[PDB]
Ligand SMILES: CC(=O)N[C@H]1[C@H]([C@H](O)[C@H](O)CO)O[C@@](O)(C(=O)O)C[C@@H]1O
Ligand SMILES: CC(=O)N[C@H]1[C@H]([C@H](O)[C@H](O)CO)O[C@@](O)(C(=O)O)C[C@@H]1O
Ligand SMILES: [Ca+2]
Ligand SMILES: [Ca+2]
Ligand SMILES: [Ca+2]
Ligand SMILES: [Ca+2]
Ligand SMILES: [Ca+2]
Ligand SMILES: [Ca+2]
Ligand SMILES: [Ca+2]
Ligand SMILES: [Ca+2]
Ligand SMILES: [Cl-]
Ligand SMILES: [Cl-]
Ligand SMILES: [Cl-]
Ligand SMILES: [Cl-]
Ligand SMILES: [Cl-]
Ligand SMILES: [Cl-]
Ligand SMILES: [Cl-]
Ligand SMILES: [Cl-]
Ligand SMILES: [Cl-]
Ligand SMILES: [Cl-]
Ligand SMILES: [Cl-]
Ligand SMILES: [Mg+2]
Ligand SMILES: [Mg+2]
Ligand code: NA
Ligand code: NA
């Protein structure tokens, strides 16, 4: 049950993971999660604000 | 995700590599790179010089 | 996935005014350079890999230093040096605590690692054979040791690790063990409602997470009986949050902590160094 | 891929003159033996495997020797012996430095290995329990320790390695960490432009790579508290460049170094031994 | 015709109008909602009081002066004595609620000043004694609709018994962080030249589906004068700030006799 | 030899006048007097043997053969673009490999003229003009 | 949402906002442009400095008083010492440029006054001696960013040598025509009750494709108080007028050593 | 600042910085304000005529309360260091009256604006490190 | 050092006996006048 995944690039390929333990808590770090939605903090407004339009009309 | 590659010949076959780490920086030495272009240092001239022809015509 | 590339843009002369906004709305400024200058095309190959929560928290941090000793104890005080108990917390140190407290709530598994060191208390009391340590996790309710060699150390159900001095730092994983759906880093409340005309003391009660948090106890002993030479030990406890989720960001701690709460210290509430002038480069 | 085979060739009597050239052009001589002698066919099975950059640099080289001690320190000077800090550099030693300086620019990952040794300072002060070492990488900006047991060693975010004396030499990989697209081995410039009539000192400013380079600090301590017996330790730091690329070859260092720059020493600028005569075999 | 400045909000028998709004904030982009069966915890059929409780309650007004350092409330504490919301809260062990928070402050085209209005999850504040930590009385933590005020000075008590209140120090947001960073929390600004109101819609926020409202405040409401009130004809003028809050999607579990908290 | 890497901006950046090599190394008694290059010819002013300078892009002006050298240089750096006022990308070195000789007058002088064209110039970060220190 | 009153202009690294504009003028309905091959004259590959030079430069502000008679500038003279525009102008024999002119003057809903803002091709002005005609020094004709002021009196000099400056007589537009007819030139009005800014986009205007910028100003910029500044609480009040100008579609020919004009 | 606090857990930063200004005078106050970013290596600007040669915006005070000035990413290095450093200096942000603030009678003649900073979507950080902003006694 | 900032050619003396320098048409006006005239001045030719 080997997972083959992309490595993080260095100066100049893939790596293999096998989980040895029956508990997911034993696993190495979660894979890179690039998810983001800054707008829930930077723009949590009820009515859409178009950048090119006046903020207050 | 095993790589099988040619060994460097000895006195008188193949070897196996598995990457254990998620960072390429962790990997063993780069595979032998026989690339070369001595001319960028030995002959960096704008106009082609044919060995059998005069260097200056 | 990469950070944003910059598009090729020239100038404008337009009723479109992306440079103006109204932050009264609760929206941050949104304008980017292409809105207010002429820009070239720049392809951005750079990523935010190292600022993911897993990357930010992906470190074993020291959270406490425990002490235990091994010698012939003839007093109550010296008997209590043969083992130690520690209420598990991240508030004995400041560095991991401050990083966690960027968030109100979290959910993670824990990697715990230990670094165990010894020194001789004295010379001319001979030597000491190599020591084995027991680190016993005592969940809330399980009996706590009152002596280094009492019945509790048989540890039939509590997890224990037996560590041999000089071996690799011992390590184990702990699941997300919270009794809520996430850990609370902050709790604006009390453990009970004090009621009208009750006789229960209201003068010496506490407030916040300290009234409700209990992650149990780490108990440590040297398993060996005493040598003629007294050995003193330190156990450094390391925590790494892994498989991390966090919610509800907070301003980070700006002034020194003075305990397990958010309280501040009167002589340490001036973090800024005054500038000479508002016009100082 | 092999080095060049020699073709079978006989003589010539020709207007083709490969023996003559004009090195004023900036071209090196190009002629090979088959151009100027009768040659047999020789099949060349030999390869340039061991002169690839990876092969040339594929060695762990000692770059520095650090010292730390463990004893009951009663003075400021003795307290500073309980830990050490070292600005990371390849200029404390000459051998790896000279090999790297065949090139102007490089890009590589780094394997770092450490060799840790101890001796007793004295006899008749008893013995010392086996020591654990902490080697902490302090990136630029992270707080540097002022004592062997201050808060910085909790190392929540800095990478630390805990090494147990007598165990295998510890080892870790470092990515290419340069803030440019390659490392500069040489930098013909300054960190800032000094401007007309500014009051900033121009009398004690430096030049070159030393003004701009910062790879952070290695901090080392013995984690153990003091024994009656003082132990002194050496930590040898080894670097191996791997996954190597290099650009813009340079003449190698011909005379002794006298510091981190290209400076030379007046008593050590005569590398050649004079020959008796221009006609000495 | 429709404008970011002009808004009507109706909940139950109550309506708010504003003609000088600045949009509205939905905290973390999430509208409040009822608790789904797939996230539920207590198993008794909940009380959902709907229009009896999910309606605008107007608190006692406070006076903004040139010397004001700011105001705080906790929720649901500020609404604990508000009509049927208060009754449902105290008759049940468990409750959850979202809110519409409407902060009201009008002046004139000749007045100036700016209020930061922040909704803070788990708004834990410092105590006022250095003899103890986390040493705040239930009564001082839960002032109800009167809320509390910030100060620009920290004067911790000589005796532990006299310091069992919040050290609501304005520039440290009463909790050891710099007030300039409070904008990471859901917020609006009432800048008198621009707007006369702030509207924040808050979902339930907790590490649990539902909790003990009488033990635990889910939100702090902070109003800080970022720029002091100024009025050239009278520097000593006062203008009211009025706070009106509607519970939303209220749900209660564990019915019994009524909770009557200690008042001293 | 009282300091390392101890060169003033003004001495490092002489402009169009450039500098000259010497066949002697005479480091200063006082650190303040030695903040210039030790441009020692046979060590290429940098502790390497001048005979190995041919690993760098080069031509030779051999008076019997040619009267000019032409070198076309790409931008070379560990960065796409850099601070020109802080950092010189290239040195230009002219070394007499074989001394000038003229039988009728051993003391004769002949000019060397250097003409350089920038190519594919590109600039970023416009502001007010940089005026470097002149002392 | 979009309004004739609210505008953003970005050129290079510079942005202007206004919330009280009155549309924008494009002089003679023509946006500036580069010189086409079919209209070209000098044959050398031109320099087109683009963002280095084609950006907003803000001149020193002037003070509008109840007694002000008005202000003038010439272009490209007003920008001759402005960053890389000035350097490109003086290193070349030939240059052409359009402009965005943004004139800024805010007050209050209680102030009154009206500025005429005129862009005048070939703004030739009268000299201040009747001993000679067309007798103006280069230095007095080319004041740079400080520009000049109008007067309501004409007092020509006793001696020819003392009168080598413009007779900038307001009601004759400094050139023997009635100021009331200046509206035939591309213009806006800053009427303080209506607007706080004027925006004029100017194409290159000349009888040639390209010309000597150091010899020849293509445009005059005139600001005349049509209705005097008035403010009831203080008739002696002053409000700033700020002029911000961006070159556009700049093109230069005939590179050599730098032009350094006489300063006396 | 929140951005400053996050940057002090990293060694390297890259990208554009957004400076948003909120005018908090009376509605009756008008004005034009110049906001400038001058990339480094020249005399730091102390006058409007030097500031306006750099990246800048002219802010007209009005119904739209707030103006955003960008410090676009303009750097020799691909990353700057999260320390005071001549080599990775970022340049100079300044602010001048373009005209002046004007008020009618019965209006405050002094007032404030608030300055905010945030990172743009082109912004990223590298090389996790301990902050100098928290410590404890030992 | 002033001359070399203008249009110029570096002439190497050798087997090719002759070198051509151009004064390319660089003028404000479309025509210059065939008289001495400041307005239609043509500039400066020099040699070093
Ligand atoms: C922890 C500590 O300080 N231990 C020290 C002891 C204690 O003082 C004992 O009381 C007396 O042995 O004394 C020494 O001289 C010793 O025994 O060799 C040095 C030793 O480091
Ligand atoms: C580093 C060193 O030289 N240590 C030496 C010490 C020191 O001189 C102490 O000052 C006195 O013990 O002396 C010895 O005789 C000892 O203790 O047995 C030998 C030992 O090698
Ligand atoms: Ca907008
Ligand atoms: Ca643009
Ligand atoms: Ca024991
Ligand atoms: Ca040949
Ligand atoms: Ca042959
Ligand atoms: Ca130690
Ligand atoms: Ca119902
Ligand atoms: Ca161009
Ligand atoms: Cl120890
Ligand atoms: Cl046991
Ligand atoms: Cl729990
Ligand atoms: Cl300062
Ligand atoms: Cl040793
Ligand atoms: Cl520690
Ligand atoms: Cl680096
Ligand atoms: Cl010999
Ligand atoms: Cl109440
Ligand atoms: Cl020069
Ligand atoms: Cl000027
Ligand atoms: Mg009430
Ligand atoms: Mg000027
Ligand atoms: Na991208
Ligand atoms: Na071969």
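Chains as they are written, first to last, in the authors' numbering: chain 444, 2 to 13, 25 to 69; chain 444', 2 to 13, 25 to 69; chain 111, 25 to 305; chain 111', 25 to 305; chain 222, 8 to 271; chain 222', 137 to 271; chain 222'', 8 to 271; chain 333, 97 to 234; chain 333', 145 to 192. A prime marks a further copy of an entry chain. Where a beta carbon is used, it is the ideal one built from N, C-alpha and C, also for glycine.
- Item | Contact list for the region 209 to 241 of chain 222' against chain 111', Cβ threshold 9 Å | 212, 213, 214, 215, 216, 218, 219, 221, 222, 223, 224, 225, 226, 227
- Task: From the DSSP output, read off the bridge partner residues of residue 308 (chain 111).
- Result: Shown here, chain 111 extends from 25 to 305; a query on residue 308 (chain 111) therefore has no answer.
- Query: Is the CB-CB distance between residue 172 (chain 333) and residue 218 (chain 222') below 9 Å?
  - Reply: On the eighth chain, position 76 is the one that residue 172 (chain 333) refers to. On the sixth chain, position 82 is the one that residue 218 (chain 222') refers to. Between residue 172 (chain 333) and residue 218 (chain 222'), the CB-CB gap stays under 9 Å.
- Message: Just to confirm, is the Cβ distance from residue 202 (chain 222) to residue 48 (chain 111) under 9 Å?
- Response: Translated into positions along the fifth chain, residue 202 (chain 222) becomes position 195. Translated into positions along the third chain, residue 48 (chain 111) becomes position 24. Yes; because the gap between Cβ atoms is below 9 Å, this pair is in contact.
- Message: DSSP three-state label for residue 189 (chain 333'), please.
- Response: Working through the ninth chain from its first residue, we reach residue 189 (chain 333') at position 45. Coil.
- May I ask you to list the residues that DSSP assigns as paired with residue 218 (chain 222'')? Position 211 of the seventh chain, counted from the first residue, corresponds to residue 218 (chain 222''). In the DSSP output, where bridge partners are listed per residue, residue 218 (chain 222'') has 102 (chain 222'').
- Query: Are any of the Cβ atoms in chain 111' nearer than 9 Å to that of residue 100 (chain 333)?
  - Reply: The sequence position of residue 100 (chain 333) within the eighth chain is 4, counting from 1. By this cut-off, residue 100 (chain 333) is not an interface position.
- How many angstroms separate the CA atom of residue 216 (chain 111) from the CA atom of residue 222 (chain 222)? By 1-based counting over the third chain, the position of residue 216 (chain 111) is 192. By 1-based counting over the fifth chain, the position of residue 222 (chain 222) is 215. The straight-line gap from Cα to Cα measures roughly 6 Å.
- Message: Let me see if you follow: with CB-CB separation under 9 Å, is residue 10 (chain 222'') close to chain 444 or not?
- Response: Here residue 10 (chain 222'') refers to the residue found at position 3 when the seventh chain is read from its first residue. Yes - at least one Cβ of chain 444 is within 9 Å of the one on residue 10 (chain 222'').
- Message: I'd like to know if residue 51 (chain 222'') contacts chain 333', where contact means its C-beta is closer than 9 Å to some C-beta of that chain.
- Response: Taking the first residue of the seventh chain as 1, we reach residue 51 (chain 222'') at position 44. Closer than 9 Å: yes.
- Hey, residue 56 (chain 333) and residue 113 (chain 222'') are a contact pair by Cβ (cut 8 Å); roughly how many whole angstroms apart? Outside the modelled stretch of chain 333, which goes from 97 to 234, sits residue 56 (chain 333), for which no answer is possible.
- Let me know the secondary structure DSSP gives residue 85 (chain 222'') once reduced to three states. Along the seventh chain, read from residue 1 onward, the residue named residue 85 (chain 222'') stands at position 78. DSSP places residue 85 (chain 222'') in helix when its eight states are reduced to three.
- Is the beta carbon of residue 88 (chain 222) within less than 8 Å of some heavy atom of ligand 22? The count along the fifth chain starts at 1 and reaches residue 88 (chain 222) at position 81. Yes; taking the cut-off as 8 Å, the Cβ of residue 88 (chain 222) has a heavy atom of ligand 22 nearer than that.
- Query: Would residue 177 (chain 222'') pass as a contact of residue 101 (chain 222'') if the rule is Cβ separation under 9 Å?
  - Reply: The residue labelled residue 177 (chain 222'') in the question sits at position 170 within the seventh chain. The residue labelled residue 101 (chain 222'') in the question sits at position 94 within the seventh chain. It is not a contact, given that the beta carbons lie outside the stated cut-off.
- Query: Using a Cβ cut-off of 9 Å, which residues of the region 249 to 276 of chain 111' contact any Cβ in chain 111, in chain order?
  - Reply: 249, 250, 251, 252, 253
- Are residue 267 (chain 111) and residue 41 (chain 444) closer than 9 Å when you measure CB to CB? As a first step, residue 267 (chain 111) must be located in the third chain, where it is residue number 243. As a first step, residue 41 (chain 444) must be located in the first chain, where it is residue number 29. Contact: yes.
- Message: Under 8 Å: does the beta carbon of residue 51 (chain 222) sit that close to some heavy atom of ligand 13?
- Response: Position 44 of the fifth chain, counted from the first residue, corresponds to residue 51 (chain 222). Not a single heavy atom of ligand 13 lies less than 8 Å from the C-beta of residue 51 (chain 222).
- Task: Please classify residue 244 (chain 222''): is it buried, with 16 or more other beta-carbons within 10 angstroms of its beta-carbon, or exposed?
- Result: By one-based count along the seventh chain, residue 244 (chain 222'') stands at place 237. When all chains shown are included, residue 244 (chain 222'') counts as buried.
- Where residue 208 (chain 222) and residue 155 (chain 333) are concerned, what is the direct C-alpha to C-alpha distance, given to the nearest angstrom? Taking the first residue of the fifth chain as 1, we reach residue 208 (chain 222) at position 201. Taking the first residue of the eighth chain as 1, we reach residue 155 (chain 333) at position 59. In a straight line, the C-alpha of residue 208 (chain 222) is about 32 Å away from that of residue 155 (chain 333).
- Just the C-alpha distance for residue 83 (chain 111) and residue 69 (chain 111), rounded to the nearest angstrom, thanks. Position 59 of the third chain, counted from the start, is the residue given in the question as residue 83 (chain 111). Position 45 of the third chain, counted from the start, is the residue given in the question as residue 69 (chain 111). Cα-Cα distance, rounded: 26 Å.
- Nearest-angstrom Cα separation, counted from residue 228 (chain 222'') out to residue 150 (chain 222''): Translated into the one-based positions of the seventh chain, residue 150 (chain 222'') becomes position 143. Translated into the one-based positions of the seventh chain, residue 228 (chain 222'') becomes position 221. Answer to the nearest angstrom: the Cα atoms are 13 Å apart.
- Message: Could you check whether the Cβ of residue 130 (chain 333) sits closer than 9 Å to any Cβ belonging to chain 111?
- Response: The count along the eighth chain starts at 1 and reaches residue 130 (chain 333) at position 34. Cβ-Cβ to chain 111 under 9 Å: no for residue 130 (chain 333).
- Item | residue 259 (chain 111) classed as buried or exposed, judged by whether at least 16 other C-beta atoms fall within 10 angstroms | Residue mapping note: residue 259 (chain 111) aligns to position 235 of the third chain, counting from 1. By the neighbour-count rule (16 or more Cβ atoms within 10 Å), residue 259 (chain 111) is buried.
- Query: From 226 (chain 333), 187 (chain 333), 208 (chain 333), pick the residue whose C-alpha is nearest to that of residue 112 (chain 333); which is it?
  - Reply: Here residue 112 (chain 333) is taken as the residue at index 16 of the eighth chain, counted from 1. Nearest C-alpha to residue 112 (chain 333): 187 (chain 333).
- Message: Any beta carbon of chain 222 sitting closer than 9 Å to that of residue 198 (chain 111)?
- Response: For the purposes of this step, residue 198 (chain 111) is taken as residue 174 along the third chain, with counting starting at 1. So no, residue 198 (chain 111) is outside the interface.
- Item | Check: residue 143 (chain 111') C-beta below 8 Å from any heavy atom of ligand 15 | Here residue 143 (chain 111') refers to the residue found at position 119 of the fourth chain. Yes, the beta carbon of residue 143 (chain 111') sits closer than 8 Å to at least one heavy atom of ligand 15.
- Message: 9 Å is my cut-off, CB to CB: does residue 13 (chain 222'') come that close to chain 444?
- Response: Reading the seventh chain from its first residue, position 6 is the one you call residue 13 (chain 222''). The C-beta of residue 13 (chain 222'') comes closer than 9 Å to at least one C-beta of chain 444.
- Query: Applying a beta-carbon distance threshold of less than 7 Å, which residues of chain 333 neighbour residue 60 (chain 222'')?
  - Reply: The residue given as residue 60 (chain 222'') occupies position 53 in the seventh chain. Correct list: empty, because the minimum Cβ distance to chain 333 is about 11 Å.
- Query: By how many angstroms is the C-alpha of residue 152 (chain 222'') removed from the C-alpha of residue 193 (chain 222'')?
  - Reply: Working through the seventh chain from its first residue, we reach residue 193 (chain 222'') at position 186. Working through the seventh chain from its first residue, we reach residue 152 (chain 222'') at position 145. Between residue 193 (chain 222'') and residue 152 (chain 222''), the C-alpha separation is close to 21 Å.
- Query: Roughly how many angstroms lie between the CA atoms of residue 110 (chain 111) and residue 37 (chain 444'), to the nearest whole one?
  - Reply: As a first step, residue 110 (chain 111) must be located in the third chain, where it is residue number 86. As a first step, residue 37 (chain 444') must be located in the second chain, where it is residue number 25. For residue 110 (chain 111) and residue 37 (chain 444'), the distance between alpha carbons rounds to 39 Å.
- Message: Between residue 40 (chain 111') and ligand 7, is there a pair consisting of the residue's CB and a ligand heavy atom that are separated by less than 8 Å?
- Response: Start at 1 with the first residue of the fourth chain, and residue 40 (chain 111') comes out as number 16. For residue 40 (chain 111'), the distance from the CB to the nearest heavy atom of ligand 7 is not below 8 Å.
- Limits of the unbroken alpha helix (DSSP H) element including residue 137 (chain 222''): For the purposes of this step, residue 137 (chain 222'') is taken as the residue at position 130 of the seventh chain. That residue, residue 137 (chain 222''), is in no alpha helix (DSSP H); it is neither H nor E in DSSP.
- Neighbour-count burial assignment, residue 255 (chain 111'), 16 or more Cβ in a 10 Å radius: The residue you call residue 255 (chain 111') lines up with position 231 of the fourth chain. With 16 or more Cβ atoms within 10 Å of its Cβ, residue 255 (chain 111') is classed as buried.
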